[PDB]
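**Q** I am sharing protein_6.pdb, which consists of PDB, N, CA and C atoms:
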ATOM      1  N   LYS N   1     -10.194   1.727  -9.651  1.00  0.00           N
ATOM      2  CA  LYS N   1      -8.863   1.069  -9.596  1.00  0.00           C
ATOM      3  C   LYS N   1      -8.385   0.917  -8.152  1.00  0.00           C
ATOM      4  N   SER N   2      -7.846   1.996  -7.592  1.00  0.00           N
ATOM      5  CA  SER N   2      -7.358   1.987  -6.217  1.00  0.00           C
ATOM      6  C   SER N   2      -6.246   0.957  -6.024  1.00  0.00           C
ATOM      7  N   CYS N   3      -5.366   1.230  -5.065  1.00  0.00           N
ATOM      8  CA  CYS N   3      -4.252   0.336  -4.759  1.00  0.00           C
ATOM      9  C   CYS N   3      -4.322  -0.108  -3.300  1.00  0.00           C
ATOM     10  N   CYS N   4      -3.975  -1.366  -3.031  1.00  0.00           N
ATOM     11  CA  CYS N   4      -4.022  -1.882  -1.664  1.00  0.00           C
ATOM     12  C   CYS N   4      -2.822  -2.777  -1.364  1.00  0.00           C
ATOM     13  N   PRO N   5      -2.210  -2.621  -0.175  1.00  0.00           N
ATOM     14  CA  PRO N   5      -1.054  -3.428   0.223  1.00  0.00           C
ATOM     15  C   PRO N   5      -1.399  -4.903   0.412  1.00  0.00           C
ATOM     16  N   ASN N   6      -2.691  -5.226   0.384  1.00  0.00           N
ATOM     17  CA  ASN N   6      -3.131  -6.604   0.551  1.00  0.00           C
ATOM     18  C   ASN N   6      -4.528  -6.796  -0.023  1.00  0.00           C
ATOM     19  N   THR N   7      -4.696  -7.832  -0.842  1.00  0.00           N
ATOM     20  CA  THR N   7      -5.992  -8.117  -1.451  1.00  0.00           C
ATOM     21  C   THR N   7      -7.097  -8.097  -0.400  1.00  0.00           C
ATOM     22  N   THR N   8      -6.735  -8.403   0.845  1.00  0.00           N
ATOM     23  CA  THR N   8      -7.698  -8.398   1.938  1.00  0.00           C
ATOM     24  C   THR N   8      -8.417  -7.057   1.993  1.00  0.00           C
ATOM     25  N   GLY N   9      -7.670  -5.986   1.739  1.00  0.00           N
ATOM     26  CA  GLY N   9      -8.252  -4.661   1.732  1.00  0.00           C
ATOM     27  C   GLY N   9      -8.923  -4.380   0.409  1.00  0.00           C
ATOM     28  N   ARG N  10      -8.207  -4.674  -0.675  1.00  0.00           N
ATOM     29  CA  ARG N  10      -8.743  -4.488  -2.009  1.00  0.00           C
ATOM     30  C   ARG N  10     -10.074  -5.220  -2.154  1.00  0.00           C
ATOM     31  N   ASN N  11     -10.271  -6.251  -1.334  1.00  0.00           N
ATOM     32  CA  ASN N  11     -11.501  -7.026  -1.360  1.00  0.00           C
ATOM     33  C   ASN N  11     -12.671  -6.175  -0.893  1.00  0.00           C
ATOM     34  N   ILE N  12     -12.486  -5.472   0.221  1.00  0.00           N
ATOM     35  CA  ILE N  12     -13.536  -4.612   0.745  1.00  0.00           C
ATOM     36  C   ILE N  12     -13.769  -3.445  -0.195  1.00  0.00           C
ATOM     37  N   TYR N  13     -12.686  -2.881  -0.712  1.00  0.00           N
ATOM     38  CA  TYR N  13     -12.783  -1.767  -1.638  1.00  0.00           C
ATOM     39  C   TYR N  13     -13.498  -2.204  -2.915  1.00  0.00           C
ATOM     40  N   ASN N  14     -13.076  -3.345  -3.450  1.00  0.00           N
ATOM     41  CA  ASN N  14     -13.660  -3.892  -4.660  1.00  0.00           C
ATOM     42  C   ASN N  14     -15.122  -4.264  -4.440  1.00  0.00           C
ATOM     43  N   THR N  15     -15.388  -5.081  -3.421  1.00  0.00           N
ATOM     44  CA  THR N  15     -16.759  -5.489  -3.128  1.00  0.00           C
ATOM     45  C   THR N  15     -17.606  -4.273  -2.783  1.00  0.00           C
ATOM     46  N   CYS N  16     -17.032  -3.370  -1.995  1.00  0.00           N
ATOM     47  CA  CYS N  16     -17.716  -2.148  -1.605  1.00  0.00           C
ATOM     48  C   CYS N  16     -18.266  -1.451  -2.841  1.00  0.00           C
ATOM     49  N   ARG N  17     -17.383  -1.184  -3.798  1.00  0.00           N
ATOM     50  CA  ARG N  17     -17.789  -0.543  -5.038  1.00  0.00           C
ATOM     51  C   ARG N  17     -18.820  -1.409  -5.755  1.00  0.00           C
ATOM     52  N   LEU N  18     -18.607  -2.724  -5.707  1.00  0.00           N
ATOM     53  CA  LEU N  18     -19.519  -3.667  -6.340  1.00  0.00           C
ATOM     54  C   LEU N  18     -20.899  -3.613  -5.692  1.00  0.00           C
ATOM     55  N   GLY N  19     -20.973  -3.020  -4.504  1.00  0.00           N
ATOM     56  CA  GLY N  19     -22.237  -2.912  -3.810  1.00  0.00           C
ATOM     57  C   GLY N  19     -22.754  -1.488  -3.779  1.00  0.00           C
ATOM     58  N   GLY N  20     -22.228  -0.646  -4.666  1.00  0.00           N
ATOM     59  CA  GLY N  20     -22.657   0.736  -4.712  1.00  0.00           C
ATOM     60  C   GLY N  20     -22.185   1.525  -3.508  1.00  0.00           C
ATOM     61  N   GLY N  21     -20.870   1.608  -3.342  1.00  0.00           N
ATOM     62  CA  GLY N  21     -20.300   2.339  -2.232  1.00  0.00           C
ATOM     63  C   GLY N  21     -19.129   3.192  -2.666  1.00  0.00           C
ATOM     64  N   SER N  22     -19.208   4.484  -2.372  1.00  0.00           N
ATOM     65  CA  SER N  22     -18.154   5.428  -2.739  1.00  0.00           C
ATOM     66  C   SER N  22     -16.773   4.841  -2.477  1.00  0.00           C
ATOM     67  N   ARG N  23     -15.782   5.340  -3.202  1.00  0.00           N
ATOM     68  CA  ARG N  23     -14.415   4.863  -3.060  1.00  0.00           C
ATOM     69  C   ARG N  23     -13.864   5.173  -1.674  1.00  0.00           C
ATOM     70  N   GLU N  24     -14.275   6.306  -1.132  1.00  0.00           N
ATOM     71  CA  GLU N  24     -13.825   6.737   0.186  1.00  0.00           C
ATOM     72  C   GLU N  24     -14.419   5.873   1.292  1.00  0.00           C
ATOM     73  N   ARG N  25     -15.690   5.507   1.149  1.00  0.00           N
ATOM     74  CA  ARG N  25     -16.357   4.683   2.151  1.00  0.00           C
ATOM     75  C   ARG N  25     -15.579   3.395   2.397  1.00  0.00           C
ATOM     76  N   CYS N  26     -15.166   2.748   1.315  1.00  0.00           N
ATOM     77  CA  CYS N  26     -14.400   1.509   1.417  1.00  0.00           C
ATOM     78  C   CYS N  26     -13.001   1.797   1.941  1.00  0.00           C
ATOM     79  N   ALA N  27     -12.418   2.900   1.476  1.00  0.00           N
ATOM     80  CA  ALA N  27     -11.081   3.292   1.905  1.00  0.00           C
ATOM     81  C   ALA N  27     -10.996   3.329   3.426  1.00  0.00           C
ATOM     82  N   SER N  28     -11.975   3.973   4.052  1.00  0.00           N
ATOM     83  CA  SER N  28     -12.019   4.059   5.503  1.00  0.00           C
ATOM     84  C   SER N  28     -12.343   2.694   6.106  1.00  0.00           C
ATOM     85  N   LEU N  29     -12.989   1.845   5.310  1.00  0.00           N
ATOM     86  CA  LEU N  29     -13.366   0.507   5.748  1.00  0.00           C
ATOM     87  C   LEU N  29     -12.139  -0.386   5.904  1.00  0.00           C
ATOM     88  N   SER N  30     -11.387  -0.547   4.820  1.00  0.00           N
ATOM     89  CA  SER N  30     -10.193  -1.384   4.838  1.00  0.00           C
ATOM     90  C   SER N  30      -8.947  -0.562   5.141  1.00  0.00           C
ATOM     91  N   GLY N  31      -8.481   0.190   4.150  1.00  0.00           N
ATOM     92  CA  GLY N  31      -7.302   1.012   4.340  1.00  0.00           C
ATOM     93  C   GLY N  31      -6.438   1.128   3.094  1.00  0.00           C
ATOM     94  N   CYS N  32      -7.014   0.839   1.931  1.00  0.00           N
ATOM     95  CA  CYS N  32      -6.284   0.926   0.677  1.00  0.00           C
ATOM     96  C   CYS N  32      -5.995   2.383   0.334  1.00  0.00           C
ATOM     97  N   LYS N  33      -5.114   2.595  -0.636  1.00  0.00           N
ATOM     98  CA  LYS N  33      -4.756   3.944  -1.054  1.00  0.00           C
ATOM     99  C   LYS N  33      -5.457   4.317  -2.355  1.00  0.00           C
ATOM    100  N   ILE N  34      -6.104   5.476  -2.355  1.00  0.00           N
ATOM    101  CA  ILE N  34      -6.818   5.952  -3.531  1.00  0.00           C
ATOM    102  C   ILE N  34      -5.896   6.763  -4.438  1.00  0.00           C
ATOM    103  N   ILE N  35      -5.753   6.318  -5.683  1.00  0.00           N
ATOM    104  CA  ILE N  35      -4.894   7.005  -6.643  1.00  0.00           C
ATOM    105  C   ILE N  35      -5.710   7.916  -7.560  1.00  0.00           C
ATOM    106  N   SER N  36      -5.108   8.310  -8.679  1.00  0.00           N
ATOM    107  CA  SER N  36      -5.766   9.175  -9.647  1.00  0.00           C
ATOM    108  C   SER N  36      -5.239   8.885 -11.046  1.00  0.00           C
ATOM    109  N   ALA N  37      -6.081   9.093 -12.050  1.00  0.00           N
ATOM    110  CA  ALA N  37      -5.690   8.839 -13.430  1.00  0.00           C
ATOM    111  C   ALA N  37      -5.394   7.356 -13.650  1.00  0.00           C
ATOM    112  N   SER N  38      -5.868   6.515 -12.725  1.00  0.00           N
ATOM    113  CA  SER N  38      -5.669   5.066 -12.803  1.00  0.00           C
ATOM    114  C   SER N  38      -4.289   4.657 -12.296  1.00  0.00           C
ATOM    115  N   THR N  39      -3.245   5.289 -12.829  1.00  0.00           N
ATOM    116  CA  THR N  39      -1.873   4.974 -12.433  1.00  0.00           C
ATOM    117  C   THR N  39      -1.761   4.793 -10.921  1.00  0.00           C
ATOM    118  N   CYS N  40      -1.223   3.650 -10.510  1.00  0.00           N
ATOM    119  CA  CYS N  40      -1.065   3.344  -9.094  1.00  0.00           C
ATOM    120  C   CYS N  40       0.238   3.916  -8.544  1.00  0.00           C
ATOM    121  N   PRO N  41       0.301   4.119  -7.218  1.00  0.00           N
ATOM    122  CA  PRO N  41       1.493   4.656  -6.551  1.00  0.00           C
ATOM    123  C   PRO N  41       2.702   3.729  -6.724  1.00  0.00           C
ATOM    124  N   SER N  42       3.511   3.564  -5.672  1.00  0.00           N
ATOM    125  CA  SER N  42       4.694   2.704  -5.734  1.00  0.00           C
ATOM    126  C   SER N  42       4.416   1.427  -6.526  1.00  0.00           C
ATOM    127  N   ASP N  43       3.716   0.481  -5.904  1.00  0.00           N
ATOM    128  CA  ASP N  43       3.386  -0.780  -6.566  1.00  0.00           C
ATOM    129  C   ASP N  43       2.738  -1.767  -5.594  1.00  0.00           C
ATOM    130  N   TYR N  44       1.688  -1.325  -4.906  1.00  0.00           N
ATOM    131  CA  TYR N  44       0.993  -2.181  -3.961  1.00  0.00           C
ATOM    132  C   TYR N  44      -0.504  -2.248  -4.266  1.00  0.00           C
ATOM    133  N   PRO N  45      -0.871  -2.766  -5.454  1.00  0.00           N
ATOM    134  CA  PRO N  45      -2.271  -2.893  -5.865  1.00  0.00           C
ATOM    135  C   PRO N  45      -2.933  -4.157  -5.318  1.00  0.00           C
ATOM    136  N   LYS N  46      -2.259  -4.829  -4.393  1.00  0.00           N
ATOM    137  CA  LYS N  46      -2.791  -6.049  -3.799  1.00  0.00           C
ATOM    138  C   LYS N  46      -1.944  -6.492  -2.612  1.00  0.00           C
TER     139      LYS N  46
END
Take the structure in the file and give it back as structure tokens.
**A**
Amino acid sequence: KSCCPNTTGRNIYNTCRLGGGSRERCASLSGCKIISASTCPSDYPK
């Protein structure tokens, strides 16, 4: 799932995972926020 203030980041996170890359690897790549239990933080999933 993960949440990102801009699809630009969610893109790397999403594609990253789509390419077999840990959630953290992409997180450090773009800068999205990693949540838990799916539920997203405030409301910045894109």
**Q** Where in chain N does DSSP assign helix (DSSP H, G or I), given as a ChimeraX atom specification?
**A** /N:7-18,23-29
**Q** List the residues selected by the PyMOL selection byres ((chain N and resi 26) around 8) in the file shown, writing them as a list in words.
**A**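 Output of the PyMOL selection byres ((chain N and resi 26) around 8): residues 9, 12, 13, 14, 15, 16, 17, 21, 22, 23, 24, 25, 27, 28, 29, 30, 31 and 32 of chain N.
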**Q** One decimal, in Å: what's the spacing between atom CA of residue N:43 and atom CA of residue N:20?
**A** 26.2 Å
**Q** Provide the atom CA of residue N:8 to atom C of residue N:40 distance in Å, to one decimal place.
**A**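 Value for the atom CA of residue N:8-atom C of residue N:40 distance: 18.0 Å.
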**Q** Evaluated on this file, the PyMOL selection byres (((chain N and resi 42 and name CA) around 12) and name CA) picks out some residues - which ones are they, written as a PyMOL selection string?
**A** chain N and resi 3-5+33+35+39-41+43-46
**Q** How far is it from atom CA of residue N:34 to atom CA of residue N:2, in Å with one decimal?
**A** 4.8 Å
**Q** Using the file's own x, y and z axes, so that the box edges lie along x, y and z, what centre and edge lengths in Å (one decimal) does a box around every listed atom of stretch 26-33 of chain N get when 8 Å is added on each side? Give it as JSON.
**A**
{"center_x": -10.0, "center_y": 1.5, "center_z": 1.9, "size_x": 26.4, "size_y": 21.7, "size_z": 24.5}
